[PDB]
Amino acid sequence: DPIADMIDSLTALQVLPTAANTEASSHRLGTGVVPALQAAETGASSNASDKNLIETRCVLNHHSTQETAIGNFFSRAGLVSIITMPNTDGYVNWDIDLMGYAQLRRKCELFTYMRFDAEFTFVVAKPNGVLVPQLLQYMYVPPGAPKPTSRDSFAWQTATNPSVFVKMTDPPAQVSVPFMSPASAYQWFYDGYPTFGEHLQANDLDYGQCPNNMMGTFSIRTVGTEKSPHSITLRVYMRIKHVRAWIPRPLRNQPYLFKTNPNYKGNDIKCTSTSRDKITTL
Amino acid sequence: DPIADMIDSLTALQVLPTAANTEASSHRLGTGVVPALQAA
Amino acid sequence: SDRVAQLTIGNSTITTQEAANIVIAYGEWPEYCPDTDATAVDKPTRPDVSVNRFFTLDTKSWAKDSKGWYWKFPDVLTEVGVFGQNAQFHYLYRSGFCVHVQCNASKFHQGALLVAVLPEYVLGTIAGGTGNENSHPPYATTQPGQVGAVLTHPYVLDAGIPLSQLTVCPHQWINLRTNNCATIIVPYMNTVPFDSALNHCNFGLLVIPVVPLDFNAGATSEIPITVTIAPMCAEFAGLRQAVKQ
Amino acid sequence: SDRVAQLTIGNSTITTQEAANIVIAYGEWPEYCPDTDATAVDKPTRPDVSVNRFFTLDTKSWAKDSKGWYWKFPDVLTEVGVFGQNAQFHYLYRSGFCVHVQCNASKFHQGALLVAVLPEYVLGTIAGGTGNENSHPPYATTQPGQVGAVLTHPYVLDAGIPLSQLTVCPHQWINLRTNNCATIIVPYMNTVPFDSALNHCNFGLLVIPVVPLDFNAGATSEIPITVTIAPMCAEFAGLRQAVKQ
Amino acid sequence: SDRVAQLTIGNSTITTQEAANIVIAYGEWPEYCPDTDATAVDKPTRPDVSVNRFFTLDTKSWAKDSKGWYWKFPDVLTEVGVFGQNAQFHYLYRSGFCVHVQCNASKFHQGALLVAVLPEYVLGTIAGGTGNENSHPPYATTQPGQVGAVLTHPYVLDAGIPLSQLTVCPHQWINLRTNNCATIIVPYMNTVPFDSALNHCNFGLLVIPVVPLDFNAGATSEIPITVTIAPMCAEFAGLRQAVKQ
Ligand SMILES: CCCCCCCCCCCCC/C=C/[C@H](O)[C@H](N)CO
């Protein structure tokens, strides 16, 4: 070859089912060996242990680390939607956005990226909680599919769209939903704009909107041609299964205002801690 | 044993009947080796 | 003697004599995209010297009541050099970064800066103050260019998340009694192997004074902060005419 | 890099970054009493953590005309902690000590302290001045407690013996340009294997400024001196009701 | 830890704690004259301790507008000690040298000296100013003794050759922020194996402030410069009565 310059991770995983044992230690007097003095400017956490700062005994502990695994942290059904049919013509088209309730939103926004399968449960009743014999139909409308315009629309023929027929006196319906993003994970934070072009002030709503998370429309109706005399209230619950998560984030200390942006009330900034009077008196 | 923490001088003498001898030495020029600087 | 360091890449060299370690973010070095992860079928271009080199931005001035600054990546370099021309002529880009922040002062000054990298730094507003307006940040705020922008509420990082747990991100400190520089090496982090350089920002760099600057009258009162950055494994694909934004 | 040191014993730790060596007095580490040297037949108690730990006394103030201070051992600890309770409930005691004296100042201060251990420090008086009175020192002078006392004539160490040959005893210096601490490890020294803790003092610790403290006006004028001590192999025997003195 | 050095020869010792390396001029250590290079047939004398030792000359004062100083070798030592007596009683002499220049200041001073050895330093004049006089330097100028002389035009080194390429000669710097001493070891350089000590000077030592001395008012304004020299392999031959010049 005539041209010689054209010839040309740090850590690994380990299974830790229990917490770490403590070894016995004695006193230590000498120079040069100082495990208590650190340097926080390097960006590294402190590596000082119990046995280097005090005299310890031997503790064989069997405290399990299973519950803090992120599969056990997330596999709990939380509320994502409340849909009402008082919307007086017997059908609702609901655009799927699961960031409307603060408890599951703060848990998921601990991470930046997440990839999971879901399990949706549909708890339906009257607005006062009473149940009546009434037939309903839930339909998932993917993006691009025709959405229903009335109670007797042609889109309720559901020849390819997945649909569930259920009664109100039945147990709540459960379905499994796969991972269906065009990307490799869902992102709760998208720093940018979806399309090209000029970014004027009238189009500032486009900032932060990722189309890889937009999953379509969830439609409900009462099945018959005629109007039902019953009011409907549907509550949707979501379990997160088979989960992978990347890049932990600071947890939010401000109350949520809108579903699509991290906007916060600027006149009342909440402090993260509870205040006291003096630094010396607790 | 069930309990693991219950398991658990500098100088010596020499005979010196006489005082110390002196060795012959020459000049010395270099860095790093400073026997004249002390720390009281 | 690990306080001295030298970073040489391309035709550029940074020397420092008062340093901490180098932080490698999430324990991963930047790499080119392998064949198993790629999806686009055209051959990408890798310029390898004209784009993988140190770039020095504008210089800030640390005052006694400074709030903090932020930059967006790779928005800082889309108009600079041969990197800024490859990012305009191509549709897709992929690269890691080596960030270096410089701030020196005397032995009679005091203060501490937190230099952190936060991926997908989405900004919020104060919602009109009362919380009733659905306001959105302007285009000069979300992508401020190589100049950068100032933080308005640094305690909530202008996004409703506290500064006190920003150290869960890859970070260093610049403590004026200890060191004068901070160095973080960042890999490529996205849900896609390639992305647009004009529409998407991967991470934000935050420089916030946690302990404020202090000195006695008669010492130097002009304490500047300089940011120097380098792409590492820059790839470009999808060649078409030049698009600025 | 032997200027840094860490002393950990019990539930206490001392760190220093500006140090000399550790002096081990007469080349001997403290030990428990062996069977060949013992005479008392009852089994002694060895608490081993609650008594073998670092104890911090009151703090002195180094002025520009200070004479010096002294403490008596183990009289400084007979009312402090679990060591002070074992010394009152038992008739016999035996232990070594680790003495640590702290004094820091800036790089624009100067001065030197001599920190020495003198066993059987018997004090004298000025004999009425003229030498005709057979005077004796009071009980607050011979056993001043954890507070300590001030030397009246430091040139003769209040005992008729010169300061200039106090360095024949185990000692260190605290030179303000060089180090900020001094550490001496003292074994048990007596003519008997056990003794009383309320009636007998084994050694005295002397801290005398040989070179006086000096600084310019505008620097910090409050330069304090702190003494931190630790028993090493404390044994107690002869259990009976509590006797304070 | 190569900043500390100790030079011991004879009954003299120099210690320094803030030093650069030692320069060995042209990579050659001083030696005695071998039998192949010698021409004179009489046996030479080698005193070996009374002449090979460190000699300290007079002390200069570095002001804020100093031009520079020079010394001539071995003219500085022809009246000093046992070396000055062997150089007067003998006709031929041969030796190398170890030159050491000392200048200390605080950490708030600044300045830089160039310490160079120039063999066969022949001096010129200003030729009457206009260039028409064939003037010659006086005897006190060409051989100033152990006191030395001041340079009048240091930019041309009083010989028509520029200061800027004096570093082609064996040299060191004394930069006040870095070191306080400079050490050059010079071998014997001549066209003859032996020569006269009263008629011929082998080399000249030049100490010139390239960066001038600067400090603020209130610091020490008396910054002195001391030269200490040592013959290395001194030989003498041709014994006759004492001749001073
Ligand atoms: C008959 C079956 C109906 C159930 C259909 C459910 C499909 C929708 C599953 C979506 C999984 C979560 C996708 C992202 C949700 C969040 O709204 C986005 N991150 C918005 O930020």
# chains A, B, ... in the order shown; residues from 1 in each chain; ligands from 1
>>> closest_atom_pairs(of="chain B", to="chain E", cutoff="12 Å", atoms="only C-alpha atoms", output="Markdown table")
| residue | atom | partner | partner_atom | distance |
| --- | --- | --- | --- | --- |
| B:25 | CA | E:10 | CA | 10.1 |
| B:26 | CA | E:9 | CA | 7.4 |
| B:27 | CA | E:9 | CA | 4.5 |
| B:28 | CA | E:8 | CA | 5.2 |
| B:29 | CA | E:7 | CA | 4.6 |
| B:30 | CA | E:5 | CA | 6.1 |
| B:31 | CA | E:5 | CA | 4.1 |
| B:32 | CA | E:2 | CA | 4.6 |
| B:33 | CA | E:5 | CA | 6.4 |
| B:34 | CA | E:6 | CA | 5.2 |
| B:35 | CA | E:6 | CA | 7.9 |
| B:36 | CA | E:15 | CA | 7.4 |
| B:37 | CA | E:15 | CA | 7.4 |
| B:38 | CA | E:15 | CA | 11.2 |
>>> residues_around(residues="residue 3 of chain B", least_positions_apart="4", cutoff="9 Å", atoms="only C-alpha atoms", output="VMD selection string")
(chain A and resid 57 to 58) or (chain B and resid 7)
>>> write_last_selection(atoms="C-alpha atoms", output="PDB file, in the first residue's frame")
ATOM      1  CA  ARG A  57     -18.465  -5.566  62.460  1.00  0.00           C
ATOM      2  CA  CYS A  58     -19.337  -8.339  60.020  1.00  0.00           C
TER       3      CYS A  58
ATOM      4  CA  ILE B   7     -11.420 -13.681  65.903  1.00  0.00           C
TER       5      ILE B   7
END
>>> residues_around(residues="residue 63 of chain A", least_positions_apart="6", cutoff="10 Å", atoms="only C-alpha atoms", output="JSON, numbers by chain")
{"A": [17, 18, 19, 20, 21]}
>>> residues_around(residues="residue 182 of chain C", least_positions_apart="4", cutoff="9 Å", atoms="only C-alpha atoms", output="MDAnalysis selection string")
(chainID A and resid 41:42) or (chainID C and resid 19:23 99:103 115 171:174)
>>> residues_near_ligand(ligand="ligand 1", cutoff="8 Å", atoms="only C-alpha atoms and all ligand atoms", output="PyMOL selection string")
chain A and resi 96-99+117-118+120+138-140+162-164+175-181+186-189+210+213-216+218+259-260
>>> interface_residues(of="chain A", to="chain B", cutoff="10 Å", atoms="only C-alpha atoms", output="number ranges by chain")
A: 23-26, 56-59
>>> write_last_selection(atoms="N, CA and C atoms", output="tab-separated table (two decimals), in the first residue's frame")
chain	number	residue	atom	x	y	z
A	23	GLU	N	-17.73	-5.98	55.97
A	23	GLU	CA	-16.59	-6.68	56.56
A	23	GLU	C	-16.21	-6.02	57.88
A	24	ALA	N	-15.57	-6.81	58.74
A	24	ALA	CA	-15.05	-6.29	59.99
A	24	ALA	C	-13.75	-5.54	59.76
A	25	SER	N	-13.54	-4.47	60.53
A	25	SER	CA	-12.35	-3.65	60.37
A	25	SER	C	-11.89	-3.17	61.74
A	26	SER	N	-10.61	-2.80	61.80
A	26	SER	CA	-9.98	-2.29	63.01
A	26	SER	C	-9.49	-0.87	62.75
A	56	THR	N	-15.96	-1.39	61.98
A	56	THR	CA	-17.20	-2.08	61.69
A	56	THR	C	-17.14	-3.53	62.16
A	57	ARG	N	-18.32	-4.14	62.23
A	57	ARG	CA	-18.46	-5.57	62.46
A	57	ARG	C	-18.81	-6.25	61.14
A	58	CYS	N	-18.92	-7.57	61.18
A	58	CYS	CA	-19.34	-8.34	60.02
A	58	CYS	C	-20.85	-8.48	60.01
A	59	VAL	N	-21.47	-8.06	58.91
A	59	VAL	CA	-22.91	-8.17	58.72
A	59	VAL	C	-23.15	-8.92	57.42
>>> closest_atom_pairs(of="chain C", to="chain A", cutoff="7 Å", atoms="only C-alpha atoms", output="JSON lines")
{"residue": "C:20", "atom": "CA", "partner": "A:42", "partner_atom": "CA", "distance": 5.1}
{"residue": "C:21", "atom": "CA", "partner": "A:42", "partner_atom": "CA", "distance": 5.6}
{"residue": "C:23", "atom": "CA", "partner": "A:43", "partner_atom": "CA", "distance": 6.9}
{"residue": "C:27", "atom": "CA", "partner": "A:10", "partner_atom": "CA", "distance": 5.2}
{"residue": "C:28", "atom": "CA", "partner": "A:9", "partner_atom": "CA", "distance": 5.0}
{"residue": "C:29", "atom": "CA", "partner": "A:9", "partner_atom": "CA", "distance": 6.5}
{"residue": "C:120", "atom": "CA", "partner": "A:191", "partner_atom": "CA", "distance": 5.0}
{"residue": "C:121", "atom": "CA", "partner": "A:191", "partner_atom": "CA", "distance": 5.9}
{"residue": "C:122", "atom": "CA", "partner": "A:191", "partner_atom": "CA", "distance": 5.0}
{"residue": "C:123", "atom": "CA", "partner": "A:262", "partner_atom": "CA", "distance": 6.8}
{"residue": "C:124", "atom": "CA", "partner": "A:263", "partner_atom": "CA", "distance": 4.4}
{"residue": "C:125", "atom": "CA", "partner": "A:263", "partner_atom": "CA", "distance": 5.1}
{"residue": "C:126", "atom": "CA", "partner": "A:266", "partner_atom": "CA", "distance": 4.2}
{"residue": "C:127", "atom": "CA", "partner": "A:265", "partner_atom": "CA", "distance": 5.9}
{"residue": "C:129", "atom": "CA", "partner": "A:266", "partner_atom": "CA", "distance": 4.7}
{"residue": "C:130", "atom": "CA", "partner": "A:267", "partner_atom": "CA", "distance": 6.0}
{"residue": "C:131", "atom": "CA", "partner": "A:265", "partner_atom": "CA", "distance": 4.5}
{"residue": "C:136", "atom": "CA", "partner": "A:204", "partner_atom": "CA", "distance": 5.8}
{"residue": "C:138", "atom": "CA", "partner": "A:201", "partner_atom": "CA", "distance": 6.5}
{"residue": "C:139", "atom": "CA", "partner": "A:199", "partner_atom": "CA", "distance": 6.3}
{"residue": "C:159", "atom": "CA", "partner": "A:262", "partner_atom": "CA", "distance": 5.7}
{"residue": "C:160", "atom": "CA", "partner": "A:254", "partner_atom": "CA", "distance": 5.5}
{"residue": "C:161", "atom": "CA", "partner": "A:252", "partner_atom": "CA", "distance": 4.7}
{"residue": "C:162", "atom": "CA", "partner": "A:253", "partner_atom": "CA", "distance": 6.6}
{"residue": "C:165", "atom": "CA", "partner": "A:250", "partner_atom": "CA", "distance": 5.6}
{"residue": "C:166", "atom": "CA", "partner": "A:250", "partner_atom": "CA", "distance": 6.3}
{"residue": "C:168", "atom": "CA", "partner": "A:249", "partner_atom": "CA", "distance": 6.9}
{"residue": "C:171", "atom": "CA", "partner": "A:43", "partner_atom": "CA", "distance": 5.4}
{"residue": "C:172", "atom": "CA", "partner": "A:43", "partner_atom": "CA", "distance": 4.4}
{"residue": "C:173", "atom": "CA", "partner": "A:41", "partner_atom": "CA", "distance": 4.4}
{"residue": "C:174", "atom": "CA", "partner": "A:41", "partner_atom": "CA", "distance": 6.5}
{"residue": "C:175", "atom": "CA", "partner": "A:41", "partner_atom": "CA", "distance": 6.9}
{"residue": "C:191", "atom": "CA", "partner": "A:184", "partner_atom": "CA", "distance": 5.3}
{"residue": "C:192", "atom": "CA", "partner": "A:183", "partner_atom": "CA", "distance": 6.1}
{"residue": "C:199", "atom": "CA", "partner": "A:193", "partner_atom": "CA", "distance": 5.4}
{"residue": "C:200", "atom": "CA", "partner": "A:192", "partner_atom": "CA", "distance": 4.5}
{"residue": "C:201", "atom": "CA", "partner": "A:191", "partner_atom": "CA", "distance": 5.6}
{"residue": "C:245", "atom": "CA", "partner": "A:197", "partner_atom": "CA", "distance": 6.5}
>>> write_last_selection(atoms="N, CA, C and O atoms", output="short mmCIF file (atom, residue, chain, number, x, y, z; two decimals), in the first residue's frame")
data_model
loop_
_atom_site.label_atom_id
_atom_site.label_comp_id
_atom_site.auth_asym_id
_atom_site.auth_seq_id
_atom_site.Cartn_x
_atom_site.Cartn_y
_atom_site.Cartn_z
N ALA C 20 -9.13 18.41 36.53
CA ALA C 20 -9.65 17.17 37.08
C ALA C 20 -9.50 16.08 36.01
O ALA C 20 -8.76 16.25 35.05
N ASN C 21 -10.20 14.96 36.17
CA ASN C 21 -10.19 13.92 35.14
C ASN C 21 -10.98 14.36 33.91
O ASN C 21 -11.48 15.49 33.80
N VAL C 23 -14.42 13.29 32.00
CA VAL C 23 -15.65 12.52 32.15
C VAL C 23 -16.06 11.97 30.79
O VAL C 23 -16.18 12.71 29.82
N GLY C 27 -20.06 6.16 30.35
CA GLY C 27 -19.04 5.16 30.11
C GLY C 27 -18.86 4.74 28.67
O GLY C 27 -18.35 3.65 28.42
N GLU C 28 -19.24 5.58 27.71
CA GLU C 28 -19.24 5.20 26.31
C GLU C 28 -18.49 6.22 25.47
O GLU C 28 -18.76 7.42 25.57
N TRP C 29 -17.58 5.74 24.64
CA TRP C 29 -16.88 6.57 23.68
C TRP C 29 -17.72 6.72 22.41
O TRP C 29 -18.50 5.84 22.07
N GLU C 120 -31.82 16.20 25.52
CA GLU C 120 -33.20 16.62 25.24
C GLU C 120 -33.66 17.69 26.23
O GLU C 120 -34.65 17.54 26.95
N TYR C 121 -32.92 18.80 26.24
CA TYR C 121 -33.21 19.94 27.11
C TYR C 121 -34.34 20.74 26.47
O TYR C 121 -34.12 21.64 25.68
N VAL C 122 -35.57 20.39 26.85
CA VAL C 122 -36.75 21.09 26.36
C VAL C 122 -37.07 22.22 27.33
O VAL C 122 -37.15 22.01 28.54
N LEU C 123 -37.24 23.42 26.79
CA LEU C 123 -37.45 24.61 27.60
C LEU C 123 -38.94 24.89 27.78
O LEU C 123 -39.75 24.62 26.90
N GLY C 124 -39.28 25.44 28.94
CA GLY C 124 -40.62 25.90 29.23
C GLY C 124 -40.64 27.41 29.41
O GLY C 124 -39.61 28.09 29.35
N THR C 125 -41.84 27.92 29.64
CA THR C 125 -42.04 29.34 29.91
C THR C 125 -42.65 29.50 31.30
O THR C 125 -42.89 28.53 32.02
N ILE C 126 -42.91 30.75 31.66
CA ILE C 126 -43.52 31.07 32.95
C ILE C 126 -45.03 31.12 32.80
O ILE C 126 -45.74 31.47 33.75
N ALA C 127 -45.53 30.79 31.60
CA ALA C 127 -46.95 30.65 31.27
C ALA C 127 -47.72 31.95 31.53
O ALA C 127 -48.84 31.94 32.05
N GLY C 129 -46.87 34.12 33.71
CA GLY C 129 -46.79 34.46 35.11
C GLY C 129 -47.86 33.78 35.93
O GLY C 129 -47.56 33.00 36.84
N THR C 130 -49.13 34.05 35.61
CA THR C 130 -50.23 33.52 36.39
C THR C 130 -50.51 32.05 36.10
O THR C 130 -51.25 31.41 36.85
N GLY C 131 -49.95 31.50 35.03
CA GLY C 131 -50.16 30.12 34.67
C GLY C 131 -51.30 29.88 33.71
O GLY C 131 -51.59 28.72 33.41
N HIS C 136 -45.12 29.78 24.49
CA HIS C 136 -44.07 28.94 23.96
C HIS C 136 -42.81 29.77 23.75
O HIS C 136 -42.90 30.97 23.46
N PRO C 138 -39.52 31.43 22.05
CA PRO C 138 -39.25 31.81 20.66
C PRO C 138 -38.10 31.00 20.07
O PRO C 138 -37.42 30.23 20.75
N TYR C 139 -37.90 31.19 18.77
CA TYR C 139 -36.88 30.42 18.05
C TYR C 139 -35.47 30.85 18.43
O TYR C 139 -34.55 30.03 18.39
N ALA C 159 -37.22 24.84 33.08
CA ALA C 159 -38.00 23.71 32.60
C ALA C 159 -38.80 23.03 33.71
O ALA C 159 -39.40 21.98 33.46
N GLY C 160 -38.82 23.59 34.91
CA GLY C 160 -39.56 22.98 36.00
C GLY C 160 -38.87 21.84 36.70
O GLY C 160 -39.53 21.09 37.41
N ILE C 161 -37.56 21.69 36.53
CA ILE C 161 -36.81 20.61 37.16
C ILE C 161 -35.67 21.23 37.97
O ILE C 161 -35.02 22.17 37.49
N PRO C 162 -35.38 20.75 39.17
CA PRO C 162 -34.48 21.49 40.06
C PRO C 162 -33.01 21.35 39.68
O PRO C 162 -32.58 20.35 39.12
N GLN C 165 -30.58 18.36 41.58
CA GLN C 165 -30.33 17.01 41.08
C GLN C 165 -29.97 17.02 39.60
O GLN C 165 -30.28 16.07 38.87
N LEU C 166 -29.30 18.08 39.14
CA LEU C 166 -28.70 18.10 37.81
C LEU C 166 -27.44 17.25 37.74
O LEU C 166 -27.02 16.88 36.64
N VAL C 168 -27.20 14.21 38.38
CA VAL C 168 -27.51 12.86 37.90
C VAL C 168 -27.13 12.70 36.43
O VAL C 168 -27.04 11.57 35.93
N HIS C 171 -21.37 15.43 34.39
CA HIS C 171 -21.07 16.78 34.85
C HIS C 171 -19.66 16.84 35.41
O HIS C 171 -19.05 15.82 35.71
N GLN C 172 -19.16 18.07 35.53
CA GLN C 172 -17.96 18.39 36.30
C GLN C 172 -18.19 19.72 37.00
O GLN C 172 -19.15 20.43 36.72
N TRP C 173 -17.30 20.04 37.93
CA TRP C 173 -17.29 21.35 38.58
C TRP C 173 -16.04 22.11 38.17
O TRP C 173 -15.00 21.51 37.89
N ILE C 174 -16.14 23.42 38.15
CA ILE C 174 -14.98 24.30 38.08
C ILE C 174 -14.96 25.07 39.39
O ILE C 174 -15.63 26.09 39.56
N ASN C 175 -14.21 24.55 40.35
CA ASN C 175 -13.97 25.21 41.63
C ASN C 175 -12.68 26.01 41.50
O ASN C 175 -11.64 25.44 41.17
N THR C 191 -32.92 8.17 19.67
CA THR C 191 -33.73 7.00 19.39
C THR C 191 -33.60 6.54 17.94
O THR C 191 -34.17 5.51 17.58
N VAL C 192 -32.86 7.28 17.12
CA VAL C 192 -32.66 6.98 15.71
C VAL C 192 -31.16 7.02 15.44
O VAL C 192 -30.43 7.72 16.16
N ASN C 199 -33.09 20.62 12.66
CA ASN C 199 -34.39 20.48 13.30
C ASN C 199 -34.32 19.93 14.71
O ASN C 199 -35.23 20.18 15.50
N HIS C 200 -33.27 19.20 15.05
CA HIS C 200 -33.20 18.48 16.31
C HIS C 200 -31.90 18.81 17.03
O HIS C 200 -30.84 18.87 16.41
N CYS C 201 -32.00 19.03 18.34
CA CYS C 201 -30.83 19.21 19.19
C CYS C 201 -30.73 18.03 20.14
O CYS C 201 -31.70 17.70 20.83
N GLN C 245 -31.91 26.63 7.32
CA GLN C 245 -32.80 26.26 8.42
C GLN C 245 -34.15 25.80 7.88
O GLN C 245 -34.50 26.06 6.73
#
>>> closest_residue(among="C:167, C:145, C:234, C:195", to="residue 71 of chain C", atoms="only C-alpha atoms")
C:145
>>> select_by_dssp(residues="segment 11-244 of chain D", states="strand (DSSP E)", output="PyMOL selection string")
chain D and resi 12-16+23-24+55-62+69-73+90-94+97-102+110-119+149-150+171-175+181-186+203-214+223-231+235-239
>>> select_by_dssp(residues="segment 56-107 of chain A", states="alpha helix (DSSP H)", output="NGL selection string")
:A and (70-74 or 102-107)
>>> residues_around(residues="residue 198 of chain E", least_positions_apart="2", cutoff="9 Å", atoms="only C-alpha atoms", output="mmCIF file with N, CA, C and O atoms, in the first residue's frame")
data_model
loop_
_atom_site.group_PDB
_atom_site.id
_atom_site.type_symbol
_atom_site.label_atom_id
_atom_site.label_comp_id
_atom_site.auth_asym_id
_atom_site.auth_seq_id
_atom_site.Cartn_x
_atom_site.Cartn_y
_atom_site.Cartn_z
ATOM 1 N N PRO E 74 39.669 32.918 33.794
ATOM 2 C CA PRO E 74 39.666 32.784 35.247
ATOM 3 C C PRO E 74 40.165 34.034 35.943
ATOM 4 O O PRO E 74 40.787 33.931 36.993
ATOM 5 N N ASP E 75 39.895 35.196 35.346
ATOM 6 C CA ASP E 75 40.360 36.463 35.899
ATOM 7 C C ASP E 75 39.678 36.793 37.220
ATOM 8 O O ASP E 75 40.245 37.511 38.050
ATOM 9 N N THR E 78 41.972 35.094 40.189
ATOM 10 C CA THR E 78 43.429 35.153 40.207
ATOM 11 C C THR E 78 43.983 35.815 41.462
ATOM 12 O O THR E 78 45.203 35.816 41.649
ATOM 13 N N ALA E 87 47.965 30.306 40.470
ATOM 14 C CA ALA E 87 47.937 30.985 39.183
ATOM 15 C C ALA E 87 49.007 32.057 39.056
ATOM 16 O O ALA E 87 49.337 32.446 37.933
ATOM 17 N N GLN E 88 49.554 32.540 40.167
ATOM 18 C CA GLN E 88 50.625 33.524 40.138
ATOM 19 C C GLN E 88 52.010 32.902 40.174
ATOM 20 O O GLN E 88 52.945 33.473 39.608
ATOM 21 N N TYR E 91 53.308 29.309 35.390
ATOM 22 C CA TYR E 91 53.191 29.927 34.080
ATOM 23 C C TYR E 91 52.001 29.388 33.296
ATOM 24 O O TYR E 91 51.354 30.148 32.572
ATOM 25 N N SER E 196 48.222 30.725 29.852
ATOM 26 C CA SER E 196 48.473 31.621 30.969
ATOM 27 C C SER E 196 47.161 32.067 31.596
ATOM 28 O O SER E 196 46.165 32.278 30.900
ATOM 29 N N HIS E 200 45.350 35.492 29.374
ATOM 30 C CA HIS E 200 44.297 34.977 28.517
ATOM 31 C C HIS E 200 43.066 34.651 29.342
ATOM 32 O O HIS E 200 43.173 34.085 30.432
ATOM 33 N N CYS E 201 41.900 35.014 28.820
ATOM 34 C CA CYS E 201 40.620 34.653 29.411
ATOM 35 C C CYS E 201 39.899 33.696 28.477
ATOM 36 O O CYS E 201 39.739 33.989 27.289
ATOM 37 N N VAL E 243 54.067 36.149 39.945
ATOM 38 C CA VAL E 243 53.808 37.255 39.031
ATOM 39 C C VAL E 243 52.335 37.608 39.158
ATOM 40 O O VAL E 243 51.471 36.749 38.961
ATOM 41 N N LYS E 244 52.044 38.866 39.493
ATOM 42 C CA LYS E 244 50.656 39.251 39.718
ATOM 43 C C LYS E 244 49.943 39.576 38.411
ATOM 44 O O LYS E 244 48.788 39.184 38.216
ATOM 45 N N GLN E 245 50.611 40.282 37.508
ATOM 46 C CA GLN E 245 50.060 40.550 36.183
ATOM 47 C C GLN E 245 51.170 40.809 35.173
ATOM 48 O O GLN E 245 52.310 41.097 35.541
#
>>> residues_around(residues="residue 110 of chain E", least_positions_apart="3", cutoff="7 Å", atoms="only C-alpha atoms", output="VMD selection string")
chain E and resid 176 to 177 213 to 215
>>> write_last_selection(atoms="N, CA, C and O atoms", output="mmCIF file, in the first residue's frame")
data_model
loop_
_atom_site.group_PDB
_atom_site.id
_atom_site.type_symbol
_atom_site.label_atom_id
_atom_site.label_comp_id
_atom_site.auth_asym_id
_atom_site.auth_seq_id
_atom_site.Cartn_x
_atom_site.Cartn_y
_atom_site.Cartn_z
ATOM 1 N N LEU E 176 11.651 34.395 37.300
ATOM 2 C CA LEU E 176 11.362 34.558 38.722
ATOM 3 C C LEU E 176 10.133 33.789 39.181
ATOM 4 O O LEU E 176 10.025 33.477 40.369
ATOM 5 N N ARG E 177 9.214 33.467 38.277
ATOM 6 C CA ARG E 177 8.072 32.642 38.632
ATOM 7 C C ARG E 177 8.395 31.155 38.639
ATOM 8 O O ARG E 177 7.599 30.370 39.164
ATOM 9 N N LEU E 213 12.771 43.804 35.631
ATOM 10 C CA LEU E 213 12.210 43.528 36.945
ATOM 11 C C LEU E 213 11.028 44.447 37.226
ATOM 12 O O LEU E 213 11.056 45.636 36.899
ATOM 13 N N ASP E 214 9.981 43.892 37.831
ATOM 14 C CA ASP E 214 8.787 44.668 38.124
ATOM 15 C C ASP E 214 8.109 44.129 39.372
ATOM 16 O O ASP E 214 8.065 42.917 39.592
ATOM 17 N N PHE E 215 7.573 45.046 40.171
ATOM 18 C CA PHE E 215 6.861 44.736 41.402
ATOM 19 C C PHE E 215 6.063 45.969 41.790
ATOM 20 O O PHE E 215 6.304 47.066 41.283
#
>>> residues_around(residues="residue 231 of chain A", least_positions_apart="2", cutoff="8 Å", atoms="only C-alpha atoms", output="NGL selection string")
:A and (84-86 or 126-127 or 229 or 233)
>>> closest_residue(among="C:135, C:24, C:89, C:107", to="chain D", atoms="only C-alpha atoms")
C:107
>>> atom_distance(atom1="atom CA of residue 217 of chain C", atom2="atom CA of residue 63 of chain D")
28.9 Å
>>> atom_distance(atom1="atom CA of residue 62 of chain C", atom2="atom CA of residue 114 of chain C")
13.1 Å
